[PDB]
Amino acid sequence: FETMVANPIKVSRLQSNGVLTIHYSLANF
Amino acid sequence: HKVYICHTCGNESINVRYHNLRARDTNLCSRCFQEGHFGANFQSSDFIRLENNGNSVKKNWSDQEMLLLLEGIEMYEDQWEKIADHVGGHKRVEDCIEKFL
Amino acid sequence: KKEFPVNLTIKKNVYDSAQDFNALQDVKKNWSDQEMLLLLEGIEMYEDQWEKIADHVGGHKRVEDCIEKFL
Amino acid sequence: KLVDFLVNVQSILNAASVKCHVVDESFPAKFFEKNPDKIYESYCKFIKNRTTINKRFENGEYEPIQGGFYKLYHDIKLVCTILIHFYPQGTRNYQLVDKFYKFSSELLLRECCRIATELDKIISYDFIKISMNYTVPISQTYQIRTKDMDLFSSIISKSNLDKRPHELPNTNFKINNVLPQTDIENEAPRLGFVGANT
Amino acid sequence: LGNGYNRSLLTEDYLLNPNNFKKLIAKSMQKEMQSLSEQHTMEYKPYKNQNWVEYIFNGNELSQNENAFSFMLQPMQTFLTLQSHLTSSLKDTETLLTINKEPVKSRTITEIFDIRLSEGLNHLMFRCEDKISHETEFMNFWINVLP
Amino acid sequence: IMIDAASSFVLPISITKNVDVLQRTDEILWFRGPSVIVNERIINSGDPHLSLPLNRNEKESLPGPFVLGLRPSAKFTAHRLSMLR
Amino acid sequence: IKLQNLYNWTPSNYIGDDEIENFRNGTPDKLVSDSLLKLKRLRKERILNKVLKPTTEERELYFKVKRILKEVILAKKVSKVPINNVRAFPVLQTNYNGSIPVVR
Amino acid sequence: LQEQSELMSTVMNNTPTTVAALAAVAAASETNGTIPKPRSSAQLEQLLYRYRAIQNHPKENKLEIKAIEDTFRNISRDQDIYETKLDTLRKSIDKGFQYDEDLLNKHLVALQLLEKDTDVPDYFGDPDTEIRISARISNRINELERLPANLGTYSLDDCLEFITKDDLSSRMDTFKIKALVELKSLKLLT
Ligand SMILES: [Zn+2]
């Protein structure tokens, strides 16, 4: 049980500040 | 709609975040602000409870939209494309300059 | 006409500097935040009667002493 | 004086039971009138042996006396423990019943009163102590000791009147109690430091 | 349930400050505070700026499944003194106390310890066991020293 | 002093069978430090037992922490509910 | 030196009244309307002097126009007394450091 | 030499009996230029009460006790004169005036604005005047840089939200934002 180190979850500040949520805007065919 | 990934966890803010005033580039969750997992460098006073939902019709300029623009000007001082999205993205580059002037 | 809002809740009193709020300070005339809440609560309920409010504060404040804070 | 005091509590208990409907639950007569520390042992004896709270005020079961709200503090604590033993510990209704009981117990505690130490032998000799005593509730957290990482957990939202044995998903998990800190506040820095010129 | 699994030994434990911290500064509004778990009262005494907190753990009704405790201290308070009141010294009770890895023997029934802390978190493993009856009890104090 | 540390660890063995009361990822989040319990977020800076005036050993057990929490009366809440509809 | 006449002390009772005994027999509003212009003129003279602390001539004058408007409410029983408040007041909240240790 | 602040420092240091400012002919008379009659309500009067209550034990080493007692006699005399004038004022009230509402609304807004030193209307080049503008801007900057960061709010509309012991209502920082928008708009003026 003492040999069970885990995986660290990084902050990702550039993905934490202003990330949004391109074929949907028709300008690239 | 921007994805506000909270500090110290992999959770996502539903409708509320905690904007920091000394690191200025991070947010917190509601349970994370209750349990205090923000690190011992801060004293839990520089964390402003802000919203994440959509606002009202444009040119109303509530206190959150007035605060975030003056935060971003003190961050970058130029590059208004990086200033308009700091408000939340729903305000124009041509409109934030007209409001700031 | 757009005008800059004069925020009187943030500004500190200059002349007296003694009737301000306890967070802006740094019978009994202590005027704690509980009685300061109960004063505005009684005013919002009874709409400036000064008789059913002074006992809602707790009876420690007189009728003249409540107006000393109300002004 | 107590006539409006019978109505303002009823209005809050009607308005604060919309999302969970604590008042509209089925509740028998339940004439116990016992110690509220032993409020669940008598209920378990009633289960081994063998009129709702909205209708108690409609039938005039409470009088404007101290017992007329001692019975209300008895009946709300009877309803909340039935809802705790009905719903599991992970549902949102459990947290709604817990928040409703933590609001109702505080509302019933308020508005009723208005109507061996080497440091001690020096401090009691040098100073004068004015005391002030109160009681707080505590919670429990988990504990995992891995290879030099010292893992911790979050606050369990289990209610204080659950009376269930402490289950463990793993044997190697440990339990601990978090002591709450409460004193005079520290002098925070001003707005010149908070939001300084960078 | 651990109500039947209570402690037989470890009647009183203390986490009071030594007298040197008061002697090097001073040479009071005392507010005692208790929890809704019937034991482990907690008293402190600030004044208008140190506290001299004291963590009392009366283990006469505390369970043995809940060994560890967690609290938070100030960076000004780095020294601690433990006052272990047991039941009786009828046998040789092995009372060793380590913070993280270094054990502390004593200061000199009533035993006095001396604890010197650093920044960060702390384990503070303490235990009591007999040589004949074979009954052991554990205590842990997760001390959170602020920077 | 570093800021961008992880401070979040998840064990790979999923024992998510009786765990629904803790803070899940949506797995269990395990921090490097414990939690803190704050009773009331508001401090009444009056109530002269805390402010200690200089006018006049006395013990007094007050009922509940809600004296130091600025709790309003029920009559204003009932009046606001009468103003609701 | 008395007992009850010693603890209750304000900055408003050092001068007394000295004019309101003669002024109450007429209108109550003329001295307040003349004193607000004097307070405005002294405020403009303090703006035009680069001074921070107010003088002792207007602080002694401020407690009279408060007392007159207090006694009008105490005696004349003004029929409306309109309520114009922000319905809020600032308090001090709890501060606490984080529990995760600082790495270096 | 801050004679009213030395007693406050001795009271805050909890050591006002070992020195007691050493009131003599060369020390108590140099800082006073008879106490200078402080004008506070209770922040400088309770300090005089404590300064009288401590020095009752030496009883001869301090000579300004007679001046403090004469000041207390003057305070009691002014209190008695104020009570007699308050009785004469309450007995000299006319029966009917019918005071209007519009003039009351004109007086209350002006008396509220003249408290905290802001501009009120009547409704009844040049580098010499720019330094006076900058001194008023820096005054508000130094005033806003003395506010505590742990400022929370409580409106009269929270009773519909049912705040529990751990609830975290969303109307706590409605004034902390507005206390920072002004502070960071006075800095982005240039
Ligand atoms: Zn989170």
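Residues numbered from 1 in each chain as written, not as in the entry; some residues may be left out. Chains lettered and ligands numbered in written order. Part of a larger assembly, values for the part shown. Heavy atoms only, no water. Residues with missing side-chain atoms left out of burial classes, pairs and counts.

Draft legend 1. Structural view of unusual backbone geometry. Of note in the backbone geometry, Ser 12 of chain A takes a positive phi value of approximately 55° without being a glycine. The residue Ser 12 of chain A is located in the loop between β1 (7-8) and α1 (13-17) in this model. Looking at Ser 12 of chain A, the relative accessible area reads 23%, which means it is partly exposed. Positive phi, normally seen in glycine, also occurs at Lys 59 of chain H, with a value near 75°. Looking at the element boundaries, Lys 59 of chain H is found in the loop between α2 (46-54) and α3 (65-91). (Helix = DSSP H or I, 4+ residues; strand = E, 2+ residues; numbered from the N terminus. Buried < 20%, exposed > 50% of the residue type's maximum accessible area, 1.4 Å probe, protein only.)

Draft legend 2. Geometry of the packing of aromatic side chains. By the definition in use, this model includes 30 aromatic pairs over all chains. Seen in terms of ring centroids, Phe 103 of chain D and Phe 162 of chain H are 5.6 Å apart; in terms of plane orientation they differ by 85°. Their pairing is edge-to-face. You can see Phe 103 of chain D sitting in helix α5 (residues 92-109) and its partner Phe 162 of chain H sitting in the loop between β1 (151-152) and α6 (178-185), one on each of two chains. Exposure class is identical for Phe 103 of chain D and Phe 162 of chain H. Each is buried. (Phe/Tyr/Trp six-rings, centres within 6.5 Å; stacked < 30°, edge-to-face > 60°.)

Draft legend 3. Inspection of the pairing of strand β2 (residues 140-143) of chain D at higher detail. Residues and elements named next belong to chain D. Burial along β2 is two-sided: the face carrying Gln 140 and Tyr 142 and the face carrying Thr 141 and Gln 143 are both buried. Note: β2 against strand β3 (residues 174-178), four bridges, orientation antiparallel. Bridging across to β3, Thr 141 finds its partner in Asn 176. (Pairing = 2+ DSSP bridges.)

Draft legend 4. Region of interest: the interface of chain H and chain C. Listed as interface residues are 22 residues of chain H and, on the opposing side, 19 residues of chain C. Of the roughly 1900 Å² buried at the junction of chain H and chain C (both faces included), carbon and sulfur atoms supply 58%. The interface formed by chain H and chain C includes one salt bridge. With a closest N to O distance of 2.7 Å, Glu 64 of chain C and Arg 90 of chain H form a salt bridge. Applying the counting rule to chain H against chain C returns five residue pairs in polar contact. Taken together, the elements giving at least two residues each to the side of chain H that touches chain C come down to α3, α4 (102-113), α5 (131-144) and α6 of chain H. Looking at side-chain class alone, the side of chain H that touches chain C contains 10 nonpolar, three polar and nine charged residues. (Contact = heavy atoms within 4.5 Å. Buried area = accessible area lost by both parts, 1.4 Å probe. Salt bridge = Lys/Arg side-chain N within 4 Å of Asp/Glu carboxyl O. Polar contact = N/O pair within 3.5 Å; in protein donor to acceptor, adjacent residues only side chain to side chain. Nonpolar A, V, L, I, M, F, W, Y, C, P; charged D, E, K, R; others polar.)

Draft legend 5. Looking closely at the coordination of the zinc ion. Residue and element names in this part refer to chain B. Within the first shell, the zinc ion binds the protein through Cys 9 (SG) and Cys 32 (SG), at distances of 2.6 Å. Here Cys 9, found in the segment before β1 (16-20), pairs with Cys 32, found in helix α1 (residues 30-35); they are 23 residues apart in sequence, far enough to count as distant. No difference in accessibility class separates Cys 9 from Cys 32, as the two residues are buried. (Donors = N, O, S within 2.8 Å, 3.2 Å for Na, K, Ca; no water.)

Draft legend 6. Region of interest: the pattern of salt bridges. Summed over all chains, the structure comprises 45 salt bridges over all chains. Note that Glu 43 of chain E and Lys 45 of chain E form a salt bridge whose closest N and O atoms lie 2.6 Å from each other. Judged by its relative accessible area of 8%, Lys 45 of chain E falls in the buried class. The structure contains a network of salt bridges with shared partners spanning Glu 64 and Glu 68 of chain C, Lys 66 and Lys 70 of chain G together with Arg 90 of chain H.

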